Every structure is written in C-alpha cells, then in structure tokens.
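> okay, structure incoming, though there's no sequence with it:
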C-alpha cells in the first residue's frame, strides 16, 4: 500500500517534470502537494473499516 | 405423480420396514430439478449476448421472440408422425432455434 | 483500448453482469470449509494380540 | 463518463492543504541534516 | 460494514449524490469475480481466503478511487465538458495504472 501511494506521487511529479518541463523543485512540489485528497480519504476509509 | 403415491404407500407399512430407491430411480432422485434453471440461465446469457451485439435494450427482443415460429413446426411434425420427446428431438429443436 | 468503451456503455455493462452471474453461480456451489489440506499425509497400521 | 453531470467543511480543508504546502516548502528549504 | 462505510466517507468527501456510486458498484463485481476465480482453481471458501480478501478490500477501493477522484478533479479544474476531459484523463492515467 505505502509503495502504491509513493509510486502515485512520484509518477504525478515526473509526468509534468519530463513531458512539460515546468520546473525541478519550485514548480513540482506545488502541483504535487494538491494530491492529498485521495491519500487522506483512502487512509480514513481503511482505518475506519 | 406416482412418486407421491409411492411415498403415501410407504407411510403406512409396519414398523421396522423402511423404503429405498436403487438403480435409475436413485439417479433420477439425485439429479434433481435443474433443467428449468439451465433453460433460464441460457435464456439470460442469450439476452445479454444479444444486447452486447446490438446497442439498444429493445432491439434484442425482436430476435428473441422468434422461437415459437420454429418450435411450432417441430411439434407439428412430431405429432403427425407419432414421435417421442427424446434427445434427438431436443437437439433438433436446439439447432432449429439457432 | 479503454477509450473505445466510452461511447459503448452497454458492452461494459453486459460484461459486468456476466462476471457477476459467474461469481454468484460459483458462490452458490462452492463449499464452505475451515482450513485447507495442510498436513503431512500418513498411513497407520494397527495389529492386535489379546 | 455516463452518469456524472456537472450541474461547510471545505474552508477547513483549504486551510489544511495551504498549511500542508507551507510546511512542505519549509521542510524542503533545507532538508539535509533533518534527513 | 466496510462496503457501507466506504460509501459514507466518500459521500462525506465529495458531497454529491452523483459520482459516488461508482466504487460501491465496482467493489461487488470484483468481489464476485475473485470468488469465481478461487472457485476455478479448485480452492474452497474458508477462513484464510476471507481474511486475505478483507485485507485486500483496501487496495480494491484504492484502485477505484484513484480513477474516479482523478477524473472528478480534472473535470472540475479544467472547466471543460466531461466527454473529452475524461478522455484525456484516462488516456493520461492508463499508463500509471498499468505500471
């Protein structure tokens, strides 16, 4: 599971890091940190289950 | 219809005398009633496959309700000749509806 | 091609019903047990001499 | 793609994600010894 | 309880009747299919399979949500008609799911 979330994060970063070339640090963290919705929802569901 | 009579006659025997079924009777009892369920599941699978081939849910009915037209000929011929409902007749109905 | 199925919802729906029906039929016939056959098979020989 | 149509806790979620981005940037300023 | 509770939390998050039934109808299909696959291999239903599967339901709902929420987020952000938005989106996320 933890590997799956890590892979999601790194793939989302690299998608615009390589195909778009938006940035290296200052432009990738901003576009990646907004993906905290699914991780939090899934963790909440799994613990509550 | 004779099975209920047979068990009714089995019910009034003296104590210590039980009943059992052997041979083809045991096979018939063990097989159970699965032909109507098989027919229903085949019907459902055919409906689903047809609706897959077409798109609308109503179009498959036009093909699905053509069975009796072909079935009528098989029964007419069977009654005229004096046939019996055996496996060859069943596979004949199957290929005709196909 | 998961781009072809967008304008053909019925195909996905019918394969869904197909797998649902297969699963239900498997469930109805499968027997419920406790544990698998997890043990070393053994053969026992018994003799008596009163 | 078929059944979806376009047509009070959201502000707390916006605050929390803004705080999360702020903390991520703050910890990313140095890293290194904290690692 | 797991399958009802996941719907409850997803309704709490998304807050709309639409776009919430998709995982709750995807999960039973996967459940029945896993039962059928286990039947095909000759295994029986016992405690171990149930425990493994109540372990795996988390990754199943994960696989559902990673698609549905991605689609919802992109169609909300892009301000575009749903058809081509979802087209571009699944085209973009297919490789990541495969990997």
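Perfect, thanks for sending it. Numbers count the residues shown, from 1 in each chain, chains lettered A, B, ... in the order given.
> so what's residue 32 closest to, chain neighbours aside?
Since you didn't name a chain, this refers to chain A. residue A:13 (5.0 Å; C-beta to C-beta, 6 or more residues apart in numbering or on different chains). From N, CA and C alone the C-beta is placed, and that goes for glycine too.
> switch to chain E, please.
residue C:23 (2.6 Å).
> residue contacts, the one you found?
Contacts for residue C:23 (C-beta atoms under 8 Å, 6 or more residues apart in numbering or on different chains) come out as E:29, E:31-36.
> re earlier: go through the helix or strand where the residue nearest to residue A:32 lies and flag the buried ones.
For residue A:13, the element it lies in under DSSP states H and E is helix A:2-18. Neighbour counts over helix A:2-18 (16 or more other C-beta atoms under 10 Å in any protein chain shown) mark A:5, A:8, A:12, A:15, A:17 as buried.
> which two among these are spaced furthest apart?
A:5 and A:17 (18.2 Å; C-beta to C-beta).
> report all helices and strands that the helix holding residue A:13 contacts.
Under the contact criterion of 3 or more C-beta pairs under 8 Å, 6 or more residues apart in numbering or on different chains; DSSP states H and E, helix A:2-18 touches helix A:29-32, helix A:36-48, helix E:47-78, helix E:82-98.
> now the ones you listed as CSV including mean neighbour count?
Shown next, in CSV, are the helices and strands packed on helix A:2-18 (neighbours: other C-beta atoms under 10 Å in any protein chain shown):
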stretch, mean neighbour count
helix A:29-32, 16
helix A:36-48, 16
helix E:47-78, 16
helix E:82-98, 15
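> hmm, back to that, ok and the helix holding residue A:13 relative to helix A:36-48, angle-wise?
Orientation check (axes from the mean of the first three to the mean of the last three C-alpha atoms, to 10 degrees): helix A:2-18 against helix A:36-48 gives 180 degrees.
> stretch B:85-97: which residues count as buried?
residue B:93.
> hmm, who's touching that stretch?
Contacts of stretch B:85-97 (C-beta under 8 Å, 6+ apart): B:67, B:70-71, B:73-74, B:78, B:83.
> for residue 11, which non-adjacent residue is closest in space?
By default, I'm working from chain A. Per C-beta to C-beta, 6+ apart, closest to residue A:11 is residue E:96, 4.9 Å.
> wait, I meant chain C there
In space, residue C:11 is closest to residue B:52, 5.8 Å off (C-beta to C-beta, 6+ apart).
> helix, strand or coil for the one you found?
Assigned with DSSP: H, G, I helix; E, B strand; the rest coil, residue B:52 falls in the helix class.
> that one: how many residues sit nearby?
Close neighbours of residue B:52, defined as other C-beta atoms under 10 Å in any protein chain shown, add up to 18.
> look up phi and psi at residue C:32.
phi -100, psi 120 (degrees, to the nearest 10).
> distance of whichever residue of chain D sits closest to chain B from residue E:4?
In chain D, the residue that lies nearest chain B is residue D:2 (13.3 Å; C-beta to the nearest C-beta). As judged by C-beta to C-beta, to the nearest Å, residue D:2 and residue E:4 stand 24 Å apart.
> the two: who's more crowded?
Using other C-beta under 10 Å, the more surrounded residue of residue D:2 and residue E:4 is residue D:2, with 12 against 8.
> ok, now how distant is the closest residue to that one other than its chain neighbours from residue D:21?
Leaving aside its sequence neighbours, residue D:2 sits nearest to residue C:9 (C-beta to C-beta, 6+ apart; 5.1 Å). Distance check for residue C:9 against residue D:21: by C-beta to C-beta, it reads 38 Å.
> and those two? which has more neighbours close in?
Neighbours were counted for residue C:9 and for residue D:21 using other C-beta under 10 Å; residue D:21 has more, 16 against 13.
> nice, that's everything, thank you.
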